[PDB]
Each structure stands twice: as C-alpha cells, then as structure tokens.
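Below: the structure, in structure tokens.
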Amino acid sequence: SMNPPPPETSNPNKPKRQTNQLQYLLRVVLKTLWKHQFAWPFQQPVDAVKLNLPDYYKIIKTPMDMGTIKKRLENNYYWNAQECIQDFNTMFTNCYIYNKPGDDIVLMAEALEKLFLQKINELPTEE
Ligand SMILES: Cc1cccnc1-n1nc(-c2ccccc2)nc1-c1c[nH]c(=O)c(Cl)c1
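Each residue of the sequence shown is one higher than the last, beginning at 563 in our numbering.
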C-alpha cells in the first residue's frame with residue numbers, strides 16, 4: 563500500500579501574493595488552530611499506510627491538512643484568502659466523508675471547524 567505524493571506547497575508556475583487577509587490566516591487563524599488540543603490528527607497528510615487505512619485514498623481524492631496549509635501560507639503559495647479557506651474546508655470535508663458521523667475524529671474536526679469559522683468571521687477587509 564502506498565501513499566500518494568503530498569499536495570504541493572510551492573509551484574514556480576503559480577502566481578504568489580501576500581495580502582493582509584492571508585497574513586491574518588497565518589498569524590491568527592492557523593496559529594490558533596495549530597496549537598489546539600485536537601489539531602494533531604490534522605497537522606500532516608494522512609499517512610494511510612502507517613495508520614492502516616488502506617482505503618483512505620480510494621475515497622479521498624482531494625487530500626488536505628494543516629501542515630500543507632501552514633507551508634503554503636509560509637511560502638506565499640496562495641494568491642488570495644479564498645484559496646486558503648478552501649483548503650481548510652477541504653480538510654474538514656475529507657474527515658467527515660471518510661469517517662463515520664459521531665466518531666471521535668469527527669468530533670475533533672467539528673470542534674476545530676467551529677473555531678475556524680469563529681476566527682474567519684473576523685477576517686479583515688482587504689487593504
Ligand atoms: C485519530 C486516529 C484514529 C484512528 C486511526 N488513526 C488516527 N490518526 N492518527 C493520526 C496521527 C498519529 C500520530 C501523529 C499524527 C497523527 N492521524 C490520524 C487520522 C485518522 N483519520 C483522519 O481522518 C485524520 Cl484527518 C487523521
């Protein structure tokens with residue numbers, strides 16, 4: 563069983579930009595979520611081999627995690643805030659799709675998502 567290559571975190575062909583909103587996503591949003599008690603399952607790509615979930619990448623064709631998000635923000639990979647928001651929403655959705663409602667990981671994701679939403683409710687207007 564093999565993992566797919568992880569999502570890219572830089573690309574010379576993709577335009578890059580810093581915006582005040584992306585900075586807020588790194589400094590406030592990601593910072594807050596990263597150190598939460600439930601962040602650890604989401605801090606890196608799902609290692610389907612070592613975790614023994616060999617159907618994970620049969621079901622999840624759009625893998626995303628906060629390690630990837632963090633590196634993309636750090637690298638200025640994103641053009642806008644909406645690209646970054648999308649990656650968080652992809653991560654959460656992947657968890658809900660693969661796992662069964664109720665399950666512990668799902669409750670962890672929900673708590674993380676609640677906090678995410680609270681933080682992006684205060685995204686600044688772009689300068
Ligand atoms: C929470 C869980 C339950 C059952 C199987 N694997 C997991 N793990 N374990 C980890 C882990 C372990 C050590 C260091 C970093 C992450 N990550 C998961 C995991 C399982 N299923 C998922 O949908 C995600 Cl997003 C993470």
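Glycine is no exception: its CB is placed at the ideal position from the N, C-alpha and C atoms.
| query | Could you give the distance in angstroms between the alpha-carbon of residue 581 and the alpha-carbon of residue 647? | reply | 14 Å
| field | Cβ shell of residue 688 (< 7 Å), same chain only, five flanking positions each side left out | value | Answer for residue 688: 581, 582 and 583, listed in chain order.
| Excluding the five sequence neighbours on either side, which residues of its own chain have a C-beta within less than 7 Å of the C-beta of residue 600, listed in chain order? | 670, 673 and 674
| For residue 641, which of 567, 566 and 587 has the nearest alpha-carbon? | 587
| request: Whole angstroms is fine: what's the gap from residue 515's alpha carbon to residue 651's? | output: In the structure displayed, the chain extends from 563 to 689; residue 515 sits before or after that span and is not available.
| message | DSSP three-state label for residue 629, please. | response | helix
| query | What's the C-alpha gap between residue 656 and residue 589? | reply | 24 Å
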